[PDB]
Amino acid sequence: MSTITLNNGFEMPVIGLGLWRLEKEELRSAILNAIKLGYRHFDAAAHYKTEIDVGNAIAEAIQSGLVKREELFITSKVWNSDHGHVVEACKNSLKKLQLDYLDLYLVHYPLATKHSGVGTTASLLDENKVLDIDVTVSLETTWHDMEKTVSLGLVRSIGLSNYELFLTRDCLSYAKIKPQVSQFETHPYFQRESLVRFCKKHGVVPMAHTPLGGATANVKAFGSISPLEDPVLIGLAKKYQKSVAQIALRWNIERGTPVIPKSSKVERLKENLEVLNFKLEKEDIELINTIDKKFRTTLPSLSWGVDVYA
């Protein structure tokens, strides 16, 4: 089976295509190729500034008969600048994506910043070139407006992005609609066992963005540490006759954590989706568990002038 049941009954594909940093012709080809290969889950966001292009690619695929809307699981996210404008931000995402509903809508960060206009998300700086962090809209107020997007019928499922244990426990304690999903960076070098286990205990599906850590299949410069170069994963890739990326992705799937790897290259798109077609043995899961480095690789731009993980 290729899906996981969310706590409101909807089925979510456990492999999705992460769309962060895909643009223009590469974005169009990636989405079309992915749908042709069998991808049914696409992870977008307002602040990627690509929702119109994502919508155009999905529209082409539907109009060409490659897939039906109801077969797709489409996610977007409300940016930090719209924590006080959730419903209108949601309507704007739907307009740009050419959709009547979203399958999943996430709070992109547990952080409100100065509003910059609906549909024109931004990370505005103050007089000292420091992120203009808002201190008027609570995360709970934002969450209750996420609940409104559900009651309005704009969104089926709602959830969190980049929330950790304290913030997730807080959400559970004030939520009227419990989050369906909590998405955050996790992979074999940042395993976050306690956070994953806590989400699952309370019926929240944890979802791994950045599920390969720093890693890409490109030729690159020295000085970028990644779980895919770990000898443990290299050995397991040889054992299973899989790529190291496939081993890393399957490790998250084995613990009930869907993955949204990013890729435009058809060979790799195909390999990542074929993670559905093998299983890791128990002892090999336990071997991968030993290589955690507690190593965070997905960070906000230095241009914020604030380390939110300080």
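For every residue, the number given is its place in the sequence shown, counted from 1.
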Take the C-alpha B-factors listed in the entry for 144-152 and for 67-75, compute each mean, and give the stretch with the larger one. 67-75
With reference to the PDB entry, specify whether the mean Cα temperature factor is higher for 22-30 or for 243-251. 22-30
Which of 187, 197, 238, 108 ranks first by CA B-factor in the deposited coordinates: 238
Which one of 50, 257, 272, 56 shows the top CA temperature factor in the record? 272
Could you look up the Cα B-factor of residue 85 in the entry and say which third of the chain it sits in: lowest, middle or highest? lowest
Ranking the modelled residues of this chain by C-alpha B-factor as given in the entry, is residue 302 in the lowest, middle or highest third? highest
With respect to C-alpha B-factor, does residue 35 fall in the lowest, middle or highest third of the chain as deposited? middle
Ranked C-alpha temperature factor of residue 170 among modelled chain residues, by third: middle
Modelled-residue ranking by C-alpha temperature factor, third containing residue 217: highest
